[PDB]
There are 2 protein chains.
Amino acid sequence: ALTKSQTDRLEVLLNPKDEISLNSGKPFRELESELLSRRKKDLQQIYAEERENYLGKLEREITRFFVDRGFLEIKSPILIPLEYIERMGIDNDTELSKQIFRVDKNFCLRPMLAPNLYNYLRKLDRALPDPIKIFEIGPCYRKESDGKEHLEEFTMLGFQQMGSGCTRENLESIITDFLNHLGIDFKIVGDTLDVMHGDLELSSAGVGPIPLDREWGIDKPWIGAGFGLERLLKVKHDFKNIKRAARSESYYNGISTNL
Amino acid sequence: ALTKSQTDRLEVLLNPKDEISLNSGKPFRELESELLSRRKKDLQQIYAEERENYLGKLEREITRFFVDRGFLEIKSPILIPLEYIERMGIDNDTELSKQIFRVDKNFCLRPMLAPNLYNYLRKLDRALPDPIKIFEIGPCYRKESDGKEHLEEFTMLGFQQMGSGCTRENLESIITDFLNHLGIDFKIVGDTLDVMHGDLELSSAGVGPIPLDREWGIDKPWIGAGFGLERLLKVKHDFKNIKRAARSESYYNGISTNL
Ligand SMILES: Nc1ncnc2c1ncn2[C@@H]1O[C@H](COP(=O)(O)OP(=O)(O)NP(=O)(O)O)[C@@H](O)[C@H]1O
Ligand SMILES: Nc1ncnc2c1ncn2[C@@H]1O[C@H](COP(=O)(O)OP(=O)(O)NP(=O)(O)O)[C@@H](O)[C@H]1O
Ligand SMILES: N[C@H](Cc1cccc(Cl)c1)C(=O)O
Ligand SMILES: N[C@H](Cc1cccc(Cl)c1)C(=O)O
Ligand SMILES: [Mg+2]
Ligand SMILES: [Mg+2]
Ligand SMILES: [Mg+2]
Ligand SMILES: [Mg+2]
């Protein structure tokens with residue numbers, strides 16, 4: 001009989017496509033040696049053939065999708081003014097206010113892309129023709145309880161369109177084309193618009209104007225959404241825990257690095 | 001006569017390829033309106049034609065270079081254990097110990113990629129054939145005095161090879177091919193190996209083994225280097241201040257967003 005600790009170890013080495021049973025009478029040491037051999041070959045094949053990281057590769061594929069669709073690629077600060085949090089309406093009565101990683105006395109690690117995207121929409125409206133379409137992909141940070149769907153360090157895609165054409169139908173079309181392009185199954189569940197995979201939230205999306213826009217110097221209609229890249233990878237690759245998809249020292253493209 | 005404040009404003013709108021003189025008798029308001037028109041057209045042309053961010057595009061071009069050359073693409077944590085700093089030999093007598101952005105009580109924003117690259121070399125040596133070649137590109141953070149060559153939030157490329165072929169000559173060949181591929185002029189100045197553009201340091205590079213390797217479980221020869229992407233962009237585009245190349249709300253591909 002395998003111990004729970006032994007089973008935890010084998011689960012670290014198990015990949016979703018393996019068809020190995022941990023509840024059949026082979027001893028731990030030989031089930032471990034089998035999976036170790038498989039995972040070493042997996043890494044050797046990546047090293048020999050493609051050599052790209054899942055998170056980097058997904059970011060580049062999403063970038064090509066949105067650039068192609070007419071969205072400007074933004075790279076804005078990750079370390080942001082603490083003031084941006086309150087100005088997003090995130091006060092002591094929200095879950096998020098307790099989730100901020102503060103840095104120094106006036107800065108924090110951004111928990112979302114919305115403040116920077118708002119600032120870019122306002123500034124670019126002075127220069128670019130209507131409608132203004134932008135997107136950003138990059139690290140975001142939230143303190144979280146331990147859970148198979150949450151990372152404290154994750155990667156967000158955020159896109160926003162401002163001006164003409166900012167309808168819920170156009171927003172759903174972007175989301176639908178995007179996820180069908182990636183091969184991710186989803187349901188849009190009705191502003192309040194969430195993109196679900198089963199009970200996992202892939203995205204929250206919105207349609208403006210909303211009262212908050214005024215604080216950011218925004219007075220035009222808009223649509224947009226935010227997506228977690230590690231959740232997309234978790235669904236795409238059928239990972240049991242989002243840790244497999246994270247920036248990590250423990251996993252490379254979902255393969256354990258502790259061999 | 002232009003005021004210094006007026007000149008600062010015009011310098012924000014000036015791009016290196018402009019051939020406009022701020023010391024000739026045109027009034028401020030018309031020099032400003034001229035440069036505003038030019039910068040709006042610059043942004044409109046980016047939006048119409050390519051839509052890619054300089055920092056993102058450079059990261060993707062560097063990624064293709066190193067992948068093609070046989071290096072595995074790594075994406076490791078940006079928020080790292082504080083312990084990694086001391087284990088890198090960075091104690092109270094180094095400049096760096098005073099430059100760390102601490103997060104919480106046991107974490108910090110990484111000021112360099114070396115700790116994570118060391119960990120990946122050790123782990124991958126259990127699985128990959130000799131030599132082991134890896135690289136990472138991503139955010140790094142250091143507290144800095146105000147200066148035209150330093151950002152507090154920047155982007156590092158780090159690469160490392162471990163095992164056979166780890167000679168200074170092979171290291172210089174990687175650097176030389178890399179910078180000639182990017183079109184960046186440089187001089188290698190002699191371990192202690194720095195890559196200079198004039199008096200600007202583009203990279204510091206090294207040849208192991210060194211005593212520090214032991215703390216990280218490394219006992220093989222190695223070569224590697226770290227490069228700042230915003231310094232490469234600053235040189236490539238002849239920016240006067242590295243702020244033009246940063247993750248920023250103030251500049252897009254070196255164009256002022258305050259129009
Ligand atoms: N801790 C996290 N780790 C990974 N991805 C996240 C995390 N928090 C949010 N995301 C993703 O970012 C997107 C937009 O963020 P947001 O809608 O604010 O998250 P949220 O509503 O807190 N989701 P949840 O925490 O699962 O209820 C979401 O659709 C998630 O896929
Ligand atoms: N604050 C910064 N902003 C942008 N790039 C940086 C910064 N610090 C270091 N880099 C780049 O990262 C590379 C490796 O880092 P490292 O050699 O530790 O920097 P360094 O020796 O402190 N350079 P300097 O601070 O200019 O004397 C350097 O060659 C720089 O190009
Ligand atoms: N950071 C994302 C990005 C986003 C997209 C559209 C509109 C807005 Cl305001 C924000 C989110 O929180 O869902
Ligand atoms: N973070 C870089 C990366 C690097 C490359 C090779 C060897 C080492 Cl140990 C470190 C630097 O500090 O120069
Ligand atoms: Mg949440
Ligand atoms: Mg949500
Ligand atoms: Mg320095
Ligand atoms: Mg140096």
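As the structure lists them, so they are numbered: ligands from 1, and atoms in each ligand from 1. A note on names: the letters A, B, ... follow the listed sequences, proteins ahead of strands, and every chain is numbered from 1. For the numbers below, each heavy atom of this structure counts, side chains included, while hydrogens, waters and symmetry mates do not.
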Legend entry - Member of A:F66, A:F65, A:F186 meeting the ring-ring contact (aromatic ring centres under 6.0 Å, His included) criterion with A:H181: A:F65
Legend entry - Per-atom contacts, ligand 4 versus B:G226 - under 4.0 Å to a heavy atom: 2 (C), 11 (C), 13 (O)
Inset, instruction - Decide yes or no for B:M156 and B:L229: does some side-chain heavy atom of the first lie under 4.5 Å from some side-chain heavy atom of the second? - result: no
Inset, instruction - Measure the CG-OG1 distance between B:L58 and B:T155 for me, rounded to the nearest 0.5 Å. - result: 9.0 Å
Legend entry - salt_bridge(A:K57, A:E50) N-O dist < 4.0 Å: yes
Legend entry - Closest to atom 7 (C) of ligand 4 among B:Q160, B:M112, B:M162 (heavy-atom distance): B:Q160
Inset, instruction - Report yes or no: is the cationic atom of B:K143 (NZ for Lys, CZ for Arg) closer than 6.0 Å to the six-membered ring centre of B:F101, at no more than 45° off its axis? - result: yes
Inset, instruction - Have a look at ligand 4 and work out which part of B:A114, if any, has a heavy atom under 4.0 Å from it: side chain, backbone, both or neither. - result: both
Legend entry - the Mg ion (ligand 8) to nearest N/O/S of B:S204 less than 2.8 Å: yes
Inset, instruction - Report the part of B:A225 in contact with ligand 4, treating N, CA, C, O as backbone and CB onward as side chain, heavy atoms under 4.0 Å; options are side chain, backbone, both, neither. - result: backbone
Inset, instruction - For the Mg ion (ligand 8), decide whether B:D194 has an N, O or S atom at a distance under 2.8 Å. - result: no
Inset, instruction - Show which atoms of ligand 4 fall inside a sub-4.0 Å distance from at least one heavy-atom site of B:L113. - result: 1 (N)
Inset, instruction - Have a look at ligand 4 and work out which part of B:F159, if any, has a heavy atom under 4.0 Å from it: side chain, backbone, both or neither. - result: backbone
Legend entry - Considering only N, O or S atoms of B:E201, the one closest to the Mg ion (ligand 8): OE2
Inset, instruction - Output the distance between atom CG (B:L200) and atom CD1 (B:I242), rounded to the nearest 0.5 Å. - result: 7.5 Å
Legend entry - B:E230 with B:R244: basic N within carboxylate O range, under 4.0 Å: no
Inset, instruction - Would you mind running through ligand 4 and noting each atom that sits below 4.0 Å from a heavy atom of B:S204? - result: 13 (O)
